[PDB]
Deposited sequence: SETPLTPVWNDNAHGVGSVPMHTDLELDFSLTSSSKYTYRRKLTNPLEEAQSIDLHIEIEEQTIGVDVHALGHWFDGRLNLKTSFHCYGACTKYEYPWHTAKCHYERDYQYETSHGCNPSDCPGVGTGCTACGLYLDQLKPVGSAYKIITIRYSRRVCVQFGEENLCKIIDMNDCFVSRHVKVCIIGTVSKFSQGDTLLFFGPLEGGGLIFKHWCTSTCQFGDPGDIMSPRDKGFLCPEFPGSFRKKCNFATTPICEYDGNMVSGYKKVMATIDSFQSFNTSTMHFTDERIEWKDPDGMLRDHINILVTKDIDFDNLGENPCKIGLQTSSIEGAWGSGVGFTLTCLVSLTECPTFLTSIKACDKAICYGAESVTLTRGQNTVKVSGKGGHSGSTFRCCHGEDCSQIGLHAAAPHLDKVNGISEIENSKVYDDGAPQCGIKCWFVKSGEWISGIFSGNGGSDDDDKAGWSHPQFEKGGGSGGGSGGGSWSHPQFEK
């Protein structure tokens, strides 16, 4: 009764038949190199070159680009007409993308009309808030997923292999195991990253989403080139009245933009630094130069007898996509349906992944049965050009599918 399983990434070893162990805490922002000649314990003349290169920790963040945050000024105007409905007249702020209008229609009165207006219960006083002097101040990105990794290269004799190793995963070969164990608590899913310039940025934990009011972090956004998502103005208008005098609008809510309020208490917010940053559609990768952070590296070497590869198996997998639902750029995510054929084993416990161009976006552990299988993989991230493929290890299907856009 075989119960094949390749979800274990690592090795079985006999401590007596192991020749070298390196165990250390490494600065996350530092590389590490190890070179050694493994010579046979005396009683031979055969040496083996061991060369290990571990690269700096990289962070990869799947994001939704939120566009630009703007600074601006809130202006208030008044438009009065003696007679006629409010829609009968066009107002100065009508061209303003972000405006809030309150109408005082059919409400003219003797002690609130100008001298040329004998109207009672007629016409319109229109109050108008609008944003102007708009200026973009930064680009904002919503964090969907966070993963850290190091590229690990191992030469043992003439064998040479490089792999990108995720934090809390292991590099496995016949003679060398490299495991990385770490934790970082700097960034969280749902955080919003703000980049003010063309070095670093700020983390916002409460960027407005379902309610944006003027004054909030993220209050005035342009998701793309043209078109604002305008904030709410929660305050009230008042029509200030006087005899023989044109009505005057007033607004009693907050008048200070979110950018100004944030900049007035900027020390309340967390900055981060970046090095060698790589923006792609809905993804950002960089190396965090924070030298206070460390991760744990263990390297185990057996010179003569091979490690037992704990995921070794004779099972063979064929893959193709069937369908997809859900969205890229979304915290809710997508589901990729894969048709997976298993041969050479009655059952096989493994993981099927949703990947594109060697980036993984989701994975499902599954016990496959001999023959055809239908496997659903939940994923998050990607962009409109992503074709998510069904993958097993380094092997992927011939095509992938596109997910739908978010925020439709």
query: Where the deposited sequence has no C-alpha coordinates (positions from 1, in order); finding: 1 to 5, 204 to 205, 416 to 495
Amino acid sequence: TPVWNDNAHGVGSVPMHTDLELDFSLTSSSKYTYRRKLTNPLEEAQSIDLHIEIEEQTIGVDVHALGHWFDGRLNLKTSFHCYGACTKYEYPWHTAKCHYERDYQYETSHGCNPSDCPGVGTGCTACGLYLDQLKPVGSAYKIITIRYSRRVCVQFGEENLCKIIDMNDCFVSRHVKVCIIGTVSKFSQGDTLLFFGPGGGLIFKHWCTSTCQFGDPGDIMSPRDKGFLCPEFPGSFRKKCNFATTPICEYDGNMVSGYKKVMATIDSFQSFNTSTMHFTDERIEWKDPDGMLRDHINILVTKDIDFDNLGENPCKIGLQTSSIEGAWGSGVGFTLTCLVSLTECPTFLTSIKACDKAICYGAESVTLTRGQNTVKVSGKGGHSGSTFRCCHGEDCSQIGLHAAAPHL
From here on, numbers count along this sequence of modelled residues.
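Rigid core here is just the name for the largest C-alpha set that superposes within 1.5 Å across the two forms.
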query	finding
Stretch with larger C-alpha RMS deviation in 5 other deposited structures of this protein, core superposed, 168 to 176 versus 94 to 102	94 to 102
Stretch with larger C-alpha RMS deviation in 5 other deposited structures of this protein, core superposed, 125 to 133 versus 177 to 185	125 to 133
Residue 77 coordinate gap across at least a third of other entries	no
Missing coords for residue 192 in a third or more of other PDB entries	no
Higher-B stretch (mean Cα B-factor, as the entry records it), 176 to 184 or 259 to 267	176 to 184
Mean C-alpha B-factor comparison - 42 to 50 and 26 to 34, higher one	42 to 50
Out of 281, 219, 116, 132, highest CA B-factor residue	116
Highest-ranked of 205, 147, 238, 150 once sorted by CA temperature factor in the record	238
Ranked C-alpha temperature factor of residue 7 among modelled chain residues, by third	lowest
Among modelled residues of the same chain, the CA temperature factor third for residue 14	highest
Ranked C-alpha temperature factor of residue 140 among modelled chain residues, by third	lowest
Relative C-alpha B-factor of residue 302, binned into the chain's lowest, middle or highest third	highest
Ranked against its chain, the third holding the CA B-factor of residue 168	lowest
